Amino acid sequence: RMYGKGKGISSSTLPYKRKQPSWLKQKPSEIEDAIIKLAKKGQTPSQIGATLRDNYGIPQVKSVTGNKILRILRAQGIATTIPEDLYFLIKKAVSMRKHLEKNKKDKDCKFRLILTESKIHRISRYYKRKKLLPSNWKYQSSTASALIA
Amino acid sequence: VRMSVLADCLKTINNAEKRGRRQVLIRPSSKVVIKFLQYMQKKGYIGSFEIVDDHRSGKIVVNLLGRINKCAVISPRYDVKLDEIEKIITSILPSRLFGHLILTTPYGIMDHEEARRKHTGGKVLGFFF
Amino acid sequence: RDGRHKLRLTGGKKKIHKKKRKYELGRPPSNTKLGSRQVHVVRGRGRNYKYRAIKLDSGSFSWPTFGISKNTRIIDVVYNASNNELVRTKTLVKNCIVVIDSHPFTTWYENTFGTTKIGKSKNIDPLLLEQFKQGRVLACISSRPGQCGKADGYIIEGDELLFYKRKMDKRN
Amino acid sequence: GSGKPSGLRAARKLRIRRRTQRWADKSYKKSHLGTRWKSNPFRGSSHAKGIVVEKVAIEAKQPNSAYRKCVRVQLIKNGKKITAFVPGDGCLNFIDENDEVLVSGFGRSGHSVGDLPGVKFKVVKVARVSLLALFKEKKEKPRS
Amino acid sequence: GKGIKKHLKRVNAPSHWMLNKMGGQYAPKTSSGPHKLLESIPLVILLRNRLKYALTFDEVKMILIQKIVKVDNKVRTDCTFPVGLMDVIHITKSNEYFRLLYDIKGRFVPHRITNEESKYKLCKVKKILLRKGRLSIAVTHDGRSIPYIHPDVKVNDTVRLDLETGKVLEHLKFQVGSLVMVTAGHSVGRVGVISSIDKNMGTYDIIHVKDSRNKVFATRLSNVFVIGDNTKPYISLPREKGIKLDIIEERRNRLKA
Amino acid sequence: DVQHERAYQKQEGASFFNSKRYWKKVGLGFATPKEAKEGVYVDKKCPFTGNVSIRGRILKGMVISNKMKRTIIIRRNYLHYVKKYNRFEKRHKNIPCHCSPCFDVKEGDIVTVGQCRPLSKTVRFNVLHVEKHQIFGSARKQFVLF
RNA sequence: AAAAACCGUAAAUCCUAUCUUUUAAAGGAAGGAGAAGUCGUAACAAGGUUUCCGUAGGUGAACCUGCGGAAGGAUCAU
RNA sequence: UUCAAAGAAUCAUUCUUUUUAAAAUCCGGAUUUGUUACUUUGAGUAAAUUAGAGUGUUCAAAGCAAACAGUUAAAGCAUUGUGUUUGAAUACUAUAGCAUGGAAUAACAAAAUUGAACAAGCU
RNA sequence: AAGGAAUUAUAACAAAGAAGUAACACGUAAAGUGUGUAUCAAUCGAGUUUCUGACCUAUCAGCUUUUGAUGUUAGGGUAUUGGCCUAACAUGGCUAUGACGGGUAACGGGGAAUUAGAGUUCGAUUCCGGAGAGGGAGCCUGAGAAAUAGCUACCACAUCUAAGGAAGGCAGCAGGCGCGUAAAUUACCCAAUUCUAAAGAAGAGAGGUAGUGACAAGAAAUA
Ligand SMILES: [Mg+2]
Ligand SMILES: [Mg+2]
Ligand SMILES: [Mg+2]
Ligand SMILES: [Mg+2]
Ligand SMILES: [Mg+2]
Ligand SMILES: [Mg+2]
Ligand SMILES: [Mg+2]
Ligand SMILES: [Mg+2]
Ligand SMILES: [Mg+2]
Ligand SMILES: [Mg+2]
Ligand SMILES: [Mg+2]
Ligand SMILES: [Mg+2]
Ligand SMILES: [Mg+2]
Ligand SMILES: [Mg+2]
Ligand SMILES: [Mg+2]
Ligand SMILES: [Mg+2]
Ligand SMILES: [Mg+2]
Ligand SMILES: [Mg+2]
Ligand SMILES: [Mg+2]
């Protein structure tokens with residue numbers, strides 16, 4: 001684990017066969033449409049994937065549709081400006097900051113806030129290095145709260 | 001974390017040899033590692049090995065002939081010129097008569113003797129006795 | 001004097017370890033002026049003499065349009081993109097705009113064709129013509145009189161001329 | 001892990017640590033600090049000439065029991081006062097209370113030698129005659 | 001004060017003089033002249049260390065005083081006059097004619113030569129100036145200006161040049177298969193055919209020169225001297241004929257004697 | 001505005017009146033840009049438009065600055081081998097280069113510069129070809145072996 | 001030609017200032033060495049208050065005491 | 001991210017030859033294809049020192065000389081005259097720069113809220 | 001007609017324009033030479049200049065910029081480039097990959113010692129380069145000097161003087177005092193090696209030869 005002393009290995013691990021299984025009836029177009037609908041309804045990539053797995057009969061959008069789900073969202077144009085994980089981190093940070101504002105003496109929270117900030121800065125940096133974030137994007141503790149939306 | 005797959009693999013192999021195993025599961029296969037294994041096989045130290053393809057970094061399992069004394073990486077893959085080889089080999093491997101000092105060389109990976117025969121030295125991966 | 005004795009770009013003092021080697025010669029400026037001609041000879045390196053004009057007048061001036069030249073007294077200095085001090089002191093240098101006694105060119109023109117080898121067809125500017133009408137015309141110097149020892153120059157033309165006029169502009 | 005970095009492009013760290021650490025080596029420090037020239041009577045030299053100021057006894061380290069015969073001398077070079085042990089069975093009297101003595105180290109760079117407490121110097125010539133020669137006596141006799 | 005250096009120290013002397021370390025403190029310091037000191041050789045050395053006609057500098061000087069040694073057919077009384085790569089020496093009293101050439105080592109030999117062939121000398125052009133009256137002048141490695149040279153002569157090629165009269169006979173272009181001698185590094189004596197020229201953009205134009213043992217060696221174009229067309233050399237080469245043998249081979253040869 | 005100085009910025013080697021604007025080729029396969037051939041701007045020390053011939057070394061760098069007028073800084077990053085440790089170490093050197101406004105160069109852009117005469121107290125180089133490139137930290141910190 | 005004036009190189013001298021480097025000094029306060037000197041007994045054993053840590057106050061001196069730590073404890077243990 | 005495959009020689013191994021895709025070039029045949037590190041060949045460097053070849057300075061340290069034939073001529077080669085063979089090698093001259101063969105190992109560059117390849121048409 | 005690249009060679013036109021092209025001296029060679037002379041090229045070089053490469057110190061972390069620090073323009077100057085200098089305008093430049101200071105009992109390198117291999121130390125000192133001629137500074141001559149057995153000046157030493165003036169610079173060779181742990185003859189010669197000259201024939205403390213020399217190095221008595 002990047003920050004704790006946590007060393008767990010709980011993980012999804014996908015099956016050997018990566019051409020979709022026989023029982024999968026859904027044609028790709030339908031699944032794409034479903035994905036789009038889910039996106040519209042406010043769900044994030046991971047969440048969307050989960051929904052697809054559970055509510056509909058489909059293991060992996062990658063086996064049914066050549067593309068992964070983020071890619072298809074992008075194609076359809078409903079991709080977030082601000083990437084999933086990063087966004088989540090930002091939200092968490094914001095929450096922490098609110099708590100701090102409320103409740104000044106919380107040392108552990110402060111420590112954890114610092115850690116989350118650091119992680120954001122890593123993630124943020126990575127995104128900048130690609131082209132998902134713009135280069136003009138620092139993350140600010142003052143702004144942050146407004147950013148998430 | 002991993003850094004040099006190959007080094008780790010070699011260490012594992014060495015450990016197996018020490019215990020006196022027979023089989024041994026080299027856990028991330030790598031083209032380079034495969035090449036190294038092949039080379040070893042060629043010079044007799046290793047038996048068969050069944051590079052098992054997952055759908056990821058593969059696993060090798062490798063069949064041992066109880067024959068290796070040590071095998072190793074020499075990290076910092078020092079560039080090594082053809083004249084500079086001899087001293088290095090003296091430093092490393094136990095006798096001039098045997099052991100092999102494996103270079104990656106622009107003519108694929110091969111041992112010090114092979115390199116000498118060719119003419120090109122290159123970067124030095126590892127060795128066995 | 002052409003040499004070191006200067007900070008190191010990082011702004012570190014070059015601790016000097018060398019006198020001044022004569023081939024780093026920085027002999028002092030000939031502030032060459034108007035007047036009757038007077039030029040000294042300074043003996044540069046391999047007996048390469050060079051001619052420190054110190055007073056001048058009768059430089060060779062060219063007329064670029066027609067690609068000809070004539071020797072004229074130069075009657076005043078009027079601009080110096082280096083500094084106004086030089087112009088105040090009436091000092092000739094390699095980009096001084098000065099005023100030529102410009103009858104010669106006019107005379108030449110008259111001799112050749114009309115009145116104010118031959119690729120004529122261009123046939124003069126308006127501004128230049130106007131200037132000529134008063135007798136006296138603006139012209140760059142192009143020699144480096146301090147080296148060469150001659151105030152050779154050329155008549156300022158069209159766009160450049162206009163620019164110089166603007167620069168000169170009077171106004172307040 | 002080794003402790004040290006063994007990267008291919010690691011050289012800066014490797015050099016730099018060594019450069020800093022060298023100074024922990026006592027011998028190296030002795031060699032390369034500038035206080036050698038300052039804080040040393042001989043001032044980086046094999047011997048030195050000093051006129052004598054005082055013939056003096058020095059009581060030995062506790063286990064052994066002797067009064068070792070030293071000579072407190074002033075270096076002409078440096079204006080430094082130093083005790084120099086004089087060898088020989090009876091070689092204190094071979095020198096005068098004011099004699100131009102030529103004094104060497106004792107054998108251990110600065111570090112003091114044997115029974116003697118803090119006498120780091122061995123007179124080895126008096127009035128240009130060799131102390132050893134005088135001791136032998138068959139060779140020479142002190143000129144004055 | 002500080003200006004040019006008049007002396008040459010005997011160890012700082014260029015190796016192919018083959019001077020002693022002992023036998024002197026200084027060396028002769030070639031006069032300025034038609035050759036570059038590092039690839040020339042003064043007349044003193046020729047007279048004293050090569051032919052051994054003289055024992056001393058004094059003797060050489062004496063010899064020179066009799067106006068009997070000609071270098072390119074006009075006399076020289078300057079003991080330290082530089083002779084250089086291709087130049088014919090005509091010692092008049094013996095009626096000996098030498099031509100300076102290189103050995104298969106770096107060393108100058110005086111070759112010995114006939115009256116007939118003596119009358120010309122090869123000269124490689126370096127620069128080809130235009131001068132007043134649009135007349136072109138070549139400039140040879142002999143530091144000599146050939147005026148009104150035949151237009152087809154280009155910057156690197158050699159020219160067979162007469163001595164009795166300043167005019168030229170024939171010229172040999174720098175071709176892909178042109179018999180060549182070398183005059184600088186490692187492969188100095190070497191004589192080959194040329195395989196290939198590189199013609200690098202900003203840099204030195206490196207060329208590859210196949211020998212008559214078919215041993216290819218490279219060299220800067222700078223220091224290559226055209227000597228023939230693929231068939232025959234236009235000069236008499238030394239006994240070895242520019243065939244720089246291997247070391248082992250040389251040793252074997254030595255043994256077999 | 002082209003004429004910004006107290007003097008008239010002319011272009012030596014132009015030839016205005018007679019004949020059938022001036023630029024040259026600079027050689028070593030460095031293509032004269034459109035902006036030099038077209039597009040007025042006078043520069044005494046442009047490789048292409050001006051009177052400086054590039055000759056000697058050519059070395060790629062990576063721009064650190066545009067702050068000077070028509071003049072750029074480029075850090076060369078390289079590896080100094082140290083034989084004791086038989087290892088390398090990142091080292092660098094900031095070559096100032098003259099630019100010429102044919103090349104619009106923001107920081108972190110790779111350039112190649114030819115030598116040329118001493119143009120100022122330190123600028124002995126001018127930029128012949130500007131690759132684009134993109135940078136995210138500071139150009140200061142980007143190592144690009146080259 | 002001397003002489004003079006003005007820029008410009010600019011020695012040298014003096015005045016500061018700063019820095020570096022040796023170097024004096026009443027006294028102060030350490031250190032090391034020595035001598036079978038005075039006063040205790042601190043430590044080593046449960047060393048006769050286990051020891052030791054950090055910190056604070058104390059006290060002729062070793063040291064004592066408080067607070068929280070440690071076992072390098074005299075307990076691997078209900 | 002092109003892995004491999006087959007044939008001939010030698011004492012299971014060594015060294016060699018041939019082909020297995022795609023694009024551009026040349027009269028169905030034949031021949032170019034990221035950058036740098038790295039490596040290989042070179043090139044270019046003063047010698048003295050160093051390693052090193054030759055050479056009985058009486059040895060050796062040396063030095064860069066020498067050897068050979070003869071109580072005085074033969075022999076050679078020159079058209080009576082002319083000694084002859086030679087040697088003073090080679091390698092070292094960075095860590096940078098120069099060119100260079102390169103298949104491995106490294107980097108980096110190229111690459112989808114969309115990127116370029118052709119065939120047709122219009123300017 | 002080149003060069004990778006030209007405002008290059010070159011050619012023409014319009015203007016200026018140095019210096020020169022023998023008012024010289026031998027008597028030679030198979031008609032020649034010496035001396036001099038414009039430009040070009042070569043050469044002996046030199047200056048600048050690119051890249052890369054150095055020891056100790058962070059108890060030196062911020063430096064550089066009115067005093068050019070970084071750049072642009074125009075000039076001046078130079079043999080030529082260049083803040084090299086001037087003027088005008090920008091606000092740059094270097095830096096934790098150690099800038100800027102400090103130290104070095106530091107000239108650099110070729111190399112030396114010692115190492116199996118790495119390395120560590122040394123390199124005043126045979127060669128190359130730099131610098132300096134008591135200390136700074138300034139000039140003249142000349143192709144080349146910011147020369148020092150050239151000159152001017154000041155400072156610091158110091159010699160002769162009839163007291164008015166005058167000359168002087170061993171980090172050339174010897175030699176002397178001093179300092180010092182610490183180091184040779186006021187020798188002979190131009191014979192060799194070289195240089196300079198009006199150039200065999202003269203000079204040369206350059207250089208060589210001896211003298212002193214247990215610095216080192218080699219061989220080798222005392223049977
Ligand atoms: Mg971590
Ligand atoms: Mg894990
Ligand atoms: Mg001087
Ligand atoms: Mg108790
Ligand atoms: Mg007690
Ligand atoms: Mg107790
Ligand atoms: Mg109390
Ligand atoms: Mg108490
Ligand atoms: Mg200014
Ligand atoms: Mg010093
Ligand atoms: Mg030295
Ligand atoms: Mg000293
Ligand atoms: Mg003195
Ligand atoms: Mg002087
Ligand atoms: Mg003197
Ligand atoms: Mg003086
Ligand atoms: Mg002396
Ligand atoms: Mg001595
Ligand atoms: Mg003589």
# chains A, B, ... in the order shown; residues from 1 in each chain; ligands from 1
$ residues_around --residues "segment 83-94 of chain C" --least-positions-apart "4" --cutoff "10 Å" --atoms "only C-alpha atoms (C1' of nucleotides)" --output "number ranges by chain"
C: 30-35, 53-57, 75-79, 98, 140-147, 150-153; F: 6; I: 74-76, 86-88
$ select_by_dssp --residues "segment 46-85 of chain A" --states "helix (DSSP H, G or I)" --output "number ranges by chain"
A: 46-54, 61-64, 69-76, 84-85
$ residues_around --residues "residue 114 of chain H" --least-positions-apart "2" --cutoff "10 Å" --atoms "only C-alpha atoms (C1' of nucleotides)" --output "list in words"
residues 74 and 75 of chain A; 112 of chain H
$ write_last_selection --atoms "N, CA and C atoms (P, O5', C5', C4', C3', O3' and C1' of nucleotides)" --output "PDB file, in the first residue's frame"
ATOM      1  N   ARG A  74     -15.672   8.287 -23.586  1.00  0.00           N
ATOM      2  CA  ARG A  74     -14.923   9.352 -24.256  1.00  0.00           C
ATOM      3  C   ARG A  74     -15.423   9.533 -25.683  1.00  0.00           C
ATOM      4  N   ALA A  75     -15.582   8.399 -26.357  1.00  0.00           N
ATOM      5  CA  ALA A  75     -16.058   8.361 -27.743  1.00  0.00           C
ATOM      6  C   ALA A  75     -17.426   9.015 -27.846  1.00  0.00           C
TER       7      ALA A  75
ATOM      8  P     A H 112      -3.690   8.287 -31.290  1.00  0.00           P
ATOM      9  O5'   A H 112      -4.212   9.732 -30.858  1.00  0.00           O
ATOM     10  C5'   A H 112      -4.874   9.953 -29.592  1.00  0.00           C
ATOM     11  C4'   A H 112      -6.378   9.983 -29.764  1.00  0.00           C
ATOM     12  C3'   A H 112      -7.180   9.872 -28.466  1.00  0.00           C
ATOM     13  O3'   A H 112      -8.239  10.825 -28.426  1.00  0.00           O
ATOM     14  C1'   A H 112      -7.865   8.179 -29.975  1.00  0.00           C
TER      15        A H 112
END
$ residues_near_ligand --ligand "ligand 4" --cutoff "9 Å" --atoms "only C-alpha atoms (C1' of nucleotides) and all ligand atoms" --output "list in words"
residues 46, 48, 49 and 50 of chain G
$ write_last_selection --atoms "N, CA, C and O atoms (P, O5', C5', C4', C3', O3' and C1' of nucleotides)" --output "PDB file, in the first residue's frame"
ATOM      1  P     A G  46      22.880  -9.513  41.527  1.00  0.00           P
ATOM      2  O5'   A G  46      22.389  -8.142  42.176  1.00  0.00           O
ATOM      3  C5'   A G  46      21.339  -7.356  41.566  1.00  0.00           C
ATOM      4  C4'   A G  46      20.512  -6.652  42.618  1.00  0.00           C
ATOM      5  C3'   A G  46      21.246  -6.262  43.903  1.00  0.00           C
ATOM      6  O3'   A G  46      20.933  -4.924  44.247  1.00  0.00           O
ATOM      7  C1'   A G  46      19.291  -7.460  44.427  1.00  0.00           C
ATOM      8  P     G G  48      24.788   0.181  46.741  1.00  0.00           P
ATOM      9  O5'   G G  48      23.885  -0.249  47.980  1.00  0.00           O
ATOM     10  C5'   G G  48      22.603  -0.890  47.801  1.00  0.00           C
ATOM     11  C4'   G G  48      22.193  -1.654  49.047  1.00  0.00           C
ATOM     12  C3'   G G  48      22.468  -0.988  50.403  1.00  0.00           C
ATOM     13  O3'   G G  48      21.321  -0.415  51.044  1.00  0.00           O
ATOM     14  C1'   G G  48      23.560  -3.095  50.274  1.00  0.00           C
ATOM     15  P     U G  49      20.951   1.146  50.882  1.00  0.00           P
ATOM     16  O5'   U G  49      20.065   1.144  49.560  1.00  0.00           O
ATOM     17  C5'   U G  49      19.071   0.117  49.345  1.00  0.00           C
ATOM     18  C4'   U G  49      17.922   0.653  48.527  1.00  0.00           C
ATOM     19  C3'   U G  49      18.027   0.467  47.011  1.00  0.00           C
ATOM     20  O3'   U G  49      16.759   0.179  46.423  1.00  0.00           O
ATOM     21  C1'   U G  49      17.805   2.747  47.506  1.00  0.00           C
ATOM     22  P     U G  50      16.455  -1.264  45.784  1.00  0.00           P
ATOM     23  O5'   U G  50      17.691  -1.503  44.804  1.00  0.00           O
ATOM     24  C5'   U G  50      17.782  -0.821  43.538  1.00  0.00           C
ATOM     25  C4'   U G  50      18.698  -1.574  42.602  1.00  0.00           C
ATOM     26  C3'   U G  50      19.257  -0.750  41.452  1.00  0.00           C
ATOM     27  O3'   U G  50      20.462  -0.079  41.830  1.00  0.00           O
ATOM     28  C1'   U G  50      18.228  -2.700  40.589  1.00  0.00           C
TER      29        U G  50
END
$ residues_around --residues "residue 9 of chain G" --least-positions-apart "3" --cutoff "10 Å" --atoms "only C-alpha atoms (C1' of nucleotides)" --output "PDB file with N, CA and C atoms (P, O5', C5', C4', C3', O3' and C1' of nucleotides), in the first residue's frame"
ATOM      1  N   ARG C   1      43.238  45.347 -23.159  1.00  0.00           N
ATOM      2  CA  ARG C   1      42.069  46.285 -23.121  1.00  0.00           C
ATOM      3  C   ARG C   1      40.895  45.799 -23.999  1.00  0.00           C
ATOM      4  N   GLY C  26      43.610  48.497 -27.304  1.00  0.00           N
ATOM      5  CA  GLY C  26      42.360  49.232 -27.320  1.00  0.00           C
ATOM      6  C   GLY C  26      42.639  50.698 -27.476  1.00  0.00           C
ATOM      7  N   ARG C  27      43.327  51.048 -28.558  1.00  0.00           N
ATOM      8  CA  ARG C  27      43.774  52.420 -28.718  1.00  0.00           C
ATOM      9  C   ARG C  27      42.545  53.350 -28.868  1.00  0.00           C
ATOM     10  N   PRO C  28      42.671  54.622 -28.422  1.00  0.00           N
ATOM     11  CA  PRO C  28      41.496  55.404 -28.066  1.00  0.00           C
ATOM     12  C   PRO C  28      40.817  56.091 -29.254  1.00  0.00           C
TER      13      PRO C  28
ATOM     14  P     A I 137      50.218  45.378 -13.437  1.00  0.00           P
ATOM     15  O5'   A I 137      50.308  46.879 -13.945  1.00  0.00           O
ATOM     16  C5'   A I 137      49.203  47.751 -13.707  1.00  0.00           C
ATOM     17  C4'   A I 137      49.606  49.171 -13.963  1.00  0.00           C
ATOM     18  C3'   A I 137      49.951  49.504 -15.405  1.00  0.00           C
ATOM     19  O3'   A I 137      48.807  49.651 -16.221  1.00  0.00           O
ATOM     20  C1'   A I 137      51.532  50.479 -13.958  1.00  0.00           C
ATOM     21  P     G I 138      48.926  49.319 -17.755  1.00  0.00           P
ATOM     22  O5'   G I 138      49.933  50.434 -18.277  1.00  0.00           O
ATOM     23  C5'   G I 138      49.433  51.745 -18.559  1.00  0.00           C
ATOM     24  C4'   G I 138      50.563  52.686 -18.854  1.00  0.00           C
ATOM     25  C3'   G I 138      51.193  52.560 -20.226  1.00  0.00           C
ATOM     26  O3'   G I 138      50.411  53.222 -21.212  1.00  0.00           O
ATOM     27  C1'   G I 138      52.878  52.751 -18.594  1.00  0.00           C
TER      28        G I 138
END
